[PDB]
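Only one chain is given next, in C-alpha coordinates, and it is the form deposited without the named molecule.
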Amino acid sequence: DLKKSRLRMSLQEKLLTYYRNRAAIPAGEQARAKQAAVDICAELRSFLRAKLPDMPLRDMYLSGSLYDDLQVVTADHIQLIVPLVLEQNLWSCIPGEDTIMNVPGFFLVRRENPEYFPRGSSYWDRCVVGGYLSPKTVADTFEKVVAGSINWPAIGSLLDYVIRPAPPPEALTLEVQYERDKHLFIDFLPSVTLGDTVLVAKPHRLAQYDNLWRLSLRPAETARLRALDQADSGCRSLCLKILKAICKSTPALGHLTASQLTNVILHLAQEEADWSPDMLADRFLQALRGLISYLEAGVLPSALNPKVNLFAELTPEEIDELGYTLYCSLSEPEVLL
(Lines give C-alpha, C1' and ligand atoms only; values in the text may rest on other atoms or scores of the structure.)
Protein backbone atom coordinates (compact mmCIF):
# COMPACT_ATOMS: atom_id res chain seq x y z
CA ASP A 1 0.00 0.00 0.00
CA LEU A 2 2.86 2.37 0.86
CA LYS A 3 4.70 2.32 -2.48
CA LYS A 4 1.45 2.25 -4.46
CA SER A 5 -0.40 4.93 -2.46
CA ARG A 6 2.74 6.96 -2.82
CA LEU A 7 2.98 6.60 -6.62
CA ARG A 8 -0.68 7.56 -6.92
CA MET A 9 -0.41 10.67 -4.76
CA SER A 10 2.61 11.96 -6.67
CA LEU A 11 0.95 11.27 -10.03
CA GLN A 12 -2.30 12.99 -9.04
CA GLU A 13 -0.46 16.15 -8.02
CA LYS A 14 1.62 16.09 -11.21
CA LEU A 15 -1.45 15.47 -13.36
CA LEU A 16 -3.25 18.44 -11.83
CA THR A 17 -0.13 20.62 -12.16
CA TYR A 18 0.35 19.50 -15.76
CA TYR A 19 -3.20 20.54 -16.65
CA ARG A 20 -2.82 24.10 -15.39
CA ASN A 21 0.72 24.69 -16.69
CA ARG A 22 0.46 22.93 -20.07
CA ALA A 23 -3.06 21.87 -21.08
CA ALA A 24 -5.07 24.93 -20.01
CA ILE A 25 -5.11 27.72 -22.59
CA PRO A 26 -4.67 31.30 -21.28
CA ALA A 27 -7.96 33.21 -21.08
CA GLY A 28 -6.69 36.14 -23.14
CA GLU A 29 -5.45 33.93 -25.97
CA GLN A 30 -8.66 31.89 -25.85
CA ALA A 31 -10.94 34.94 -25.94
CA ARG A 32 -9.18 36.67 -28.83
CA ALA A 33 -8.88 33.49 -30.91
CA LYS A 34 -12.58 32.75 -30.65
CA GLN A 35 -13.43 36.41 -31.29
CA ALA A 36 -11.38 36.12 -34.47
CA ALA A 37 -13.31 32.98 -35.45
CA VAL A 38 -16.62 34.73 -34.82
CA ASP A 39 -15.48 37.85 -36.71
CA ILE A 40 -14.55 35.83 -39.80
CA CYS A 41 -17.75 33.76 -39.59
CA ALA A 42 -19.96 36.85 -39.45
CA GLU A 43 -18.07 38.43 -42.33
CA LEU A 44 -18.39 35.30 -44.47
CA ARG A 45 -22.14 35.25 -43.83
CA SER A 46 -22.45 38.82 -45.12
CA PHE A 47 -20.29 37.80 -48.07
CA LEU A 48 -22.38 34.74 -48.94
CA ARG A 49 -25.54 36.84 -48.69
CA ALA A 50 -24.29 39.59 -51.00
CA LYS A 51 -22.19 37.67 -53.54
CA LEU A 52 -23.47 34.06 -53.49
CA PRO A 53 -27.18 34.24 -52.49
CA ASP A 54 -28.11 31.58 -55.07
CA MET A 55 -25.50 28.99 -54.09
CA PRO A 56 -27.19 25.97 -52.50
CA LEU A 57 -25.38 26.37 -49.19
CA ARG A 58 -26.75 27.01 -45.73
CA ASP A 59 -24.77 29.54 -43.70
CA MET A 60 -21.30 28.55 -42.52
CA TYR A 61 -20.88 27.96 -38.79
CA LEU A 62 -18.10 27.29 -36.28
CA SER A 63 -17.47 23.86 -34.79
CA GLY A 64 -14.68 22.06 -32.93
CA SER A 65 -12.85 21.51 -29.67
CA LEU A 66 -12.07 25.23 -29.35
CA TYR A 67 -15.80 25.90 -29.49
CA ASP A 68 -16.38 23.09 -26.97
CA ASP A 69 -13.64 24.26 -24.59
CA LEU A 70 -11.84 20.94 -25.19
CA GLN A 71 -8.85 22.41 -27.04
CA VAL A 72 -5.53 22.37 -25.18
CA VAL A 73 -2.07 23.96 -24.98
CA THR A 74 -2.82 26.71 -27.55
CA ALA A 75 -5.86 28.09 -29.39
CA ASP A 76 -4.67 27.18 -32.90
CA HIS A 77 -7.54 25.55 -34.84
CA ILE A 78 -11.30 25.56 -35.45
CA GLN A 79 -13.63 24.47 -38.27
CA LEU A 80 -16.09 26.40 -40.37
CA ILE A 81 -18.70 23.87 -41.47
CA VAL A 82 -19.86 24.49 -45.04
CA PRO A 83 -23.23 22.73 -45.23
CA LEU A 84 -24.50 21.80 -48.70
CA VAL A 85 -28.17 22.05 -49.60
CA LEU A 86 -29.11 18.68 -51.11
CA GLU A 87 -32.70 17.72 -51.89
CA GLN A 88 -33.74 14.44 -50.24
CA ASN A 89 -35.21 12.74 -53.31
CA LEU A 90 -32.21 13.67 -55.50
CA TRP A 91 -29.54 12.21 -53.18
CA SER A 92 -28.94 9.27 -50.83
CA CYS A 93 -26.26 7.92 -48.46
CA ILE A 94 -24.49 4.61 -49.04
CA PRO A 95 -22.62 3.23 -45.99
CA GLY A 96 -19.01 2.34 -46.76
CA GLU A 97 -19.36 -1.22 -45.47
CA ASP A 98 -22.15 -1.69 -48.03
CA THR A 99 -19.52 -0.91 -50.67
CA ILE A 100 -16.86 -2.91 -52.54
CA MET A 101 -14.22 -0.63 -51.01
CA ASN A 102 -15.68 -1.78 -47.67
CA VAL A 103 -14.84 1.20 -45.44
CA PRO A 104 -16.88 1.67 -42.23
CA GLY A 105 -17.32 5.22 -40.94
CA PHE A 106 -17.36 6.59 -44.49
CA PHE A 107 -20.15 7.03 -47.04
CA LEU A 108 -20.83 7.36 -50.74
CA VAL A 109 -23.30 10.07 -51.75
CA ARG A 110 -25.17 8.91 -54.84
CA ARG A 111 -27.10 11.10 -57.28
CA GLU A 112 -30.60 9.62 -57.52
CA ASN A 113 -32.94 9.50 -60.52
CA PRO A 114 -30.39 10.91 -63.01
CA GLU A 115 -33.00 10.73 -65.79
CA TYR A 116 -36.14 12.11 -64.14
CA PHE A 117 -34.12 14.82 -62.38
CA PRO A 118 -31.66 15.76 -65.15
CA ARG A 119 -28.21 17.32 -64.71
CA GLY A 120 -28.61 20.91 -63.56
CA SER A 121 -31.41 20.06 -61.13
CA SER A 122 -28.78 20.81 -58.49
CA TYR A 123 -25.77 23.12 -58.64
CA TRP A 124 -23.84 20.26 -57.08
CA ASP A 125 -24.45 18.10 -60.14
CA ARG A 126 -21.24 19.62 -61.54
CA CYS A 127 -19.34 17.83 -58.77
CA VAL A 128 -20.80 14.39 -59.56
CA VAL A 129 -18.35 11.81 -60.88
CA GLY A 130 -19.31 8.28 -61.87
CA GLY A 131 -22.74 8.85 -60.34
CA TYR A 132 -21.39 10.01 -56.97
CA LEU A 133 -20.92 13.41 -55.34
CA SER A 134 -17.15 13.73 -54.87
CA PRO A 135 -15.92 15.22 -51.56
CA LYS A 136 -12.75 16.30 -53.33
CA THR A 137 -14.49 17.97 -56.27
CA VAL A 138 -16.96 19.70 -53.92
CA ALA A 139 -14.03 21.08 -51.92
CA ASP A 140 -12.24 22.28 -55.07
CA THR A 141 -15.41 23.91 -56.40
CA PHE A 142 -16.19 25.73 -53.15
CA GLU A 143 -12.60 27.00 -52.93
CA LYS A 144 -12.80 28.26 -56.52
CA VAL A 145 -16.18 29.94 -56.09
CA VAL A 146 -15.27 31.69 -52.82
CA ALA A 147 -11.76 32.66 -53.92
CA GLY A 148 -13.25 34.11 -57.10
CA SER A 149 -15.43 36.50 -55.09
CA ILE A 150 -13.65 36.96 -51.74
CA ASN A 151 -11.23 39.71 -50.68
CA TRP A 152 -9.20 38.49 -47.68
CA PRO A 153 -6.82 41.49 -47.70
CA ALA A 154 -9.86 43.77 -47.39
CA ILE A 155 -11.46 41.69 -44.64
CA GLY A 156 -8.13 41.70 -42.80
CA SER A 157 -7.93 45.50 -42.77
CA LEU A 158 -11.50 45.64 -41.48
CA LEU A 159 -10.88 43.24 -38.59
CA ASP A 160 -7.22 44.21 -38.09
CA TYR A 161 -6.08 40.62 -38.71
CA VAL A 162 -3.55 39.14 -41.12
CA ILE A 163 -5.72 36.69 -43.05
CA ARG A 164 -4.23 34.46 -45.75
CA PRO A 165 -5.13 31.09 -47.32
CA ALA A 166 -2.59 28.35 -46.61
CA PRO A 167 -0.80 26.91 -49.64
CA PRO A 168 -2.17 23.50 -50.74
CA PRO A 169 -2.78 20.74 -49.97
CA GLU A 170 -4.49 22.54 -47.06
CA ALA A 171 -6.22 24.98 -49.38
CA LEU A 172 -9.51 25.17 -47.46
CA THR A 173 -7.54 26.44 -44.47
CA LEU A 174 -7.33 30.09 -43.44
CA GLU A 175 -4.26 31.40 -41.61
CA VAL A 176 -5.51 34.05 -39.19
CA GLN A 177 -2.98 36.12 -37.25
CA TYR A 178 -5.16 37.64 -34.51
CA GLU A 179 -2.30 39.02 -32.40
CA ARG A 180 1.48 39.39 -32.68
CA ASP A 181 3.04 35.95 -33.13
CA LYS A 182 -0.15 33.93 -32.61
CA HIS A 183 -2.13 32.27 -35.38
CA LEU A 184 -5.52 30.58 -35.68
CA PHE A 185 -6.11 28.03 -38.43
CA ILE A 186 -9.69 28.00 -39.71
CA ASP A 187 -10.32 25.06 -42.04
CA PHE A 188 -13.43 25.14 -44.21
CA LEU A 189 -15.22 21.81 -44.01
CA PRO A 190 -17.90 20.94 -46.62
CA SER A 191 -20.71 18.97 -44.96
CA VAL A 192 -23.70 16.94 -46.16
CA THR A 193 -26.81 16.13 -44.12
CA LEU A 194 -29.11 13.50 -45.63
CA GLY A 195 -31.80 12.16 -43.32
CA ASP A 196 -30.15 11.97 -39.90
CA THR A 197 -26.75 11.20 -41.46
CA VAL A 198 -24.21 14.02 -41.11
CA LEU A 199 -21.10 13.77 -43.28
CA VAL A 200 -17.96 15.88 -43.77
CA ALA A 201 -15.31 16.24 -46.46
CA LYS A 202 -12.40 15.02 -44.33
CA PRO A 203 -10.57 12.68 -46.75
CA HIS A 204 -9.60 9.11 -45.95
CA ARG A 205 -5.82 8.98 -45.54
CA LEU A 206 -5.70 6.83 -48.68
CA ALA A 207 -6.23 8.75 -51.92
CA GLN A 208 -7.76 5.61 -53.42
CA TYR A 209 -10.71 6.43 -51.13
CA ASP A 210 -11.03 10.15 -51.91
CA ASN A 211 -14.60 9.74 -53.19
CA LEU A 212 -15.81 8.78 -49.70
CA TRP A 213 -17.41 11.19 -47.23
CA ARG A 214 -16.53 10.75 -43.55
CA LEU A 215 -19.27 10.14 -41.00
CA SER A 216 -19.24 13.03 -38.52
CA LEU A 217 -18.81 11.83 -34.93
CA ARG A 218 -17.39 14.66 -32.81
CA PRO A 219 -20.70 16.34 -31.85
CA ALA A 220 -22.40 13.20 -30.52
CA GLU A 221 -19.14 12.13 -28.87
CA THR A 222 -18.69 15.55 -27.27
CA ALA A 223 -22.28 15.51 -26.02
CA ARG A 224 -22.02 12.09 -24.35
CA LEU A 225 -18.81 13.12 -22.59
CA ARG A 226 -20.35 16.30 -21.18
CA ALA A 227 -23.53 14.52 -20.08
CA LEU A 228 -21.50 11.85 -18.29
CA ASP A 229 -19.56 14.55 -16.43
CA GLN A 230 -22.48 16.90 -15.78
CA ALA A 231 -24.39 14.18 -13.93
CA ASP A 232 -21.70 13.44 -11.33
CA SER A 233 -19.24 16.32 -11.82
CA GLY A 234 -16.67 13.75 -12.94
CA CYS A 235 -13.17 14.28 -14.34
CA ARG A 236 -13.62 12.53 -17.69
CA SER A 237 -12.95 15.73 -19.65
CA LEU A 238 -10.00 16.70 -17.45
CA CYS A 239 -8.45 13.29 -18.09
CA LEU A 240 -9.20 13.65 -21.80
CA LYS A 241 -7.69 17.14 -21.93
CA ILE A 242 -4.53 15.92 -20.20
CA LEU A 243 -4.18 13.06 -22.68
CA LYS A 244 -4.67 15.49 -25.56
CA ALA A 245 -2.11 17.91 -24.12
CA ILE A 246 0.43 15.08 -23.88
CA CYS A 247 -0.05 13.85 -27.44
CA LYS A 248 -0.01 17.42 -28.76
CA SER A 249 3.19 18.06 -26.78
CA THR A 250 4.98 14.81 -27.68
CA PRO A 251 6.12 14.36 -31.33
CA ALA A 252 6.09 10.56 -31.13
CA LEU A 253 2.48 10.51 -29.88
CA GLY A 254 1.29 13.09 -32.39
CA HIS A 255 -0.34 10.38 -34.50
CA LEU A 256 -3.16 10.00 -31.97
CA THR A 257 -6.26 12.10 -32.64
CA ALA A 258 -8.69 13.93 -30.36
CA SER A 259 -11.43 11.56 -31.53
CA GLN A 260 -9.36 8.47 -30.76
CA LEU A 261 -8.49 9.75 -27.29
CA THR A 262 -12.12 10.70 -26.64
CA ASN A 263 -13.32 7.16 -27.41
CA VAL A 264 -10.68 5.66 -25.12
CA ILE A 265 -12.22 7.73 -22.35
CA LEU A 266 -15.78 6.83 -23.38
CA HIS A 267 -14.91 3.12 -23.31
CA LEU A 268 -13.37 3.52 -19.86
CA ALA A 269 -16.38 5.52 -18.69
CA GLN A 270 -18.36 2.43 -19.68
CA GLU A 271 -16.11 0.25 -17.53
CA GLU A 272 -15.66 2.65 -14.60
CA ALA A 273 -18.68 4.43 -13.11
CA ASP A 274 -16.83 6.44 -10.48
CA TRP A 275 -14.93 9.43 -11.87
CA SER A 276 -14.80 11.45 -8.66
CA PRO A 277 -11.87 13.93 -8.56
CA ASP A 278 -9.62 11.57 -6.57
CA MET A 279 -9.89 8.81 -9.19
CA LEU A 280 -8.16 10.92 -11.86
CA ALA A 281 -4.73 9.39 -11.22
CA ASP A 282 -6.16 5.88 -11.48
CA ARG A 283 -8.30 6.63 -14.54
CA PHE A 284 -5.28 8.19 -16.26
CA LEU A 285 -3.17 5.04 -15.93
CA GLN A 286 -6.20 2.99 -16.96
CA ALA A 287 -6.56 5.16 -20.07
CA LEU A 288 -2.88 4.59 -20.85
CA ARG A 289 -3.27 0.83 -20.42
CA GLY A 290 -6.34 0.79 -22.65
CA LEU A 291 -4.42 2.81 -25.24
CA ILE A 292 -1.77 0.10 -25.32
CA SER A 293 -4.44 -2.60 -25.47
CA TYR A 294 -6.17 -1.03 -28.48
CA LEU A 295 -2.85 -0.38 -30.22
CA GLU A 296 -1.72 -3.98 -29.75
CA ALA A 297 -5.10 -5.24 -30.90
CA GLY A 298 -4.84 -2.81 -33.80
CA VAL A 299 -8.48 -1.82 -33.33
CA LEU A 300 -10.26 0.91 -31.39
CA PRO A 301 -14.03 0.63 -31.83
CA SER A 302 -15.99 3.88 -31.91
CA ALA A 303 -18.04 3.94 -28.70
CA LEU A 304 -21.05 5.34 -30.57
CA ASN A 305 -20.49 3.41 -33.82
CA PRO A 306 -18.92 0.00 -32.99
CA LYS A 307 -18.57 -1.16 -36.62
CA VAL A 308 -15.99 1.61 -37.07
CA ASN A 309 -12.32 1.00 -36.26
CA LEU A 310 -10.87 4.41 -35.40
CA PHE A 311 -7.31 3.08 -35.79
CA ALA A 312 -8.01 1.92 -39.35
CA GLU A 313 -6.21 4.97 -40.80
CA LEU A 314 -3.01 4.42 -38.81
CA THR A 315 -0.20 2.61 -40.63
CA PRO A 316 1.78 -0.24 -39.04
CA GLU A 317 4.63 2.28 -38.90
CA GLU A 318 2.69 4.68 -36.68
CA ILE A 319 1.07 2.00 -34.50
CA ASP A 320 4.58 0.74 -33.78
CA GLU A 321 5.80 4.18 -32.69
CA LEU A 322 2.78 4.82 -30.46
CA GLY A 323 3.13 1.46 -28.73
CA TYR A 324 6.89 1.99 -28.50
CA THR A 325 6.57 5.44 -26.94
CA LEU A 326 3.97 4.17 -24.47
CA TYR A 327 6.02 1.01 -23.76
CA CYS A 328 9.06 3.19 -23.00
CA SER A 329 7.07 5.08 -20.36
CA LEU A 330 5.22 2.27 -18.60
CA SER A 331 7.41 2.20 -15.52
CA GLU A 332 7.22 5.97 -14.94
CA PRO A 333 4.11 7.64 -16.51
CA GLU A 334 5.12 11.01 -15.01
CA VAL A 335 7.67 11.13 -17.86
CA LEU A 336 4.78 11.84 -20.23
CA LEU A 337 4.36 15.04 -18.21
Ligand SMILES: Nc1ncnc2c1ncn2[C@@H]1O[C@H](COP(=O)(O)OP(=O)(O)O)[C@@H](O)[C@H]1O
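For clarity, a rigid core is taken as the largest C-alpha set superposing within 1.5 Å between two forms. Numbering starts at 1 and follows the sequence shown.
Missing here is the form deposited with the named molecule bound; even so, the following discussion is about that form.
- Under a 4.5 angstroms non-hydrogen atom cutoff, the named molecule in the deposited complex has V200 among its neighbouring residues.
- Put simply, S302 is far from the named molecule in the deposited complex: not one heavy atom of it is within 4.5 Å.
- Within this chain, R236 is remote from the site of the named molecule in the deposited complex, having no heavy atom within 4.5 Å.
- Contact between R164 and the named molecule in the deposited complex is not found at the 4.5 Å heavy atom cutoff.
- The candidate site formed by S63, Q79 and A258 is fully in contact with the named molecule in the deposited complex, as each residue has a non-hydrogen atom within 4.5 angstroms of it.
- With the named molecule left out of view, the stretch that reaches within 4.5 Å of it through heavy atoms in the deposited complex is, among 172 to 180, 139 to 147, 216 to 224, 154 to 162, 216 to 224.
- This chain is displayed alone, yet in the deposited complex one of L253, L84, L189, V103 has a heavy atom within 4.5 Å of the named molecule; that residue is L189.
- Along 228 to 254, a single residue, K244, places a heavy atom within 4.5 Å of the named molecule in the deposited complex.
- Residue showing a CA shift of 2 Å or more between this form and the one not shown (rigid core superposed; candidates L266, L228, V73, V162): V162.
- After superposition on the rigid core, the Cα atom of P153 is displaced by 2 Å or more between this form and the one not shown.
- In this overlay on the rigid core, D181 has a C-alpha that sits 2 Å or more away from its partner position between this form and the one not shown.
- In comparison with the shown form, the Cα-Cα distance of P168 and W124 increases by at least 3 angstroms in the deposited complex.
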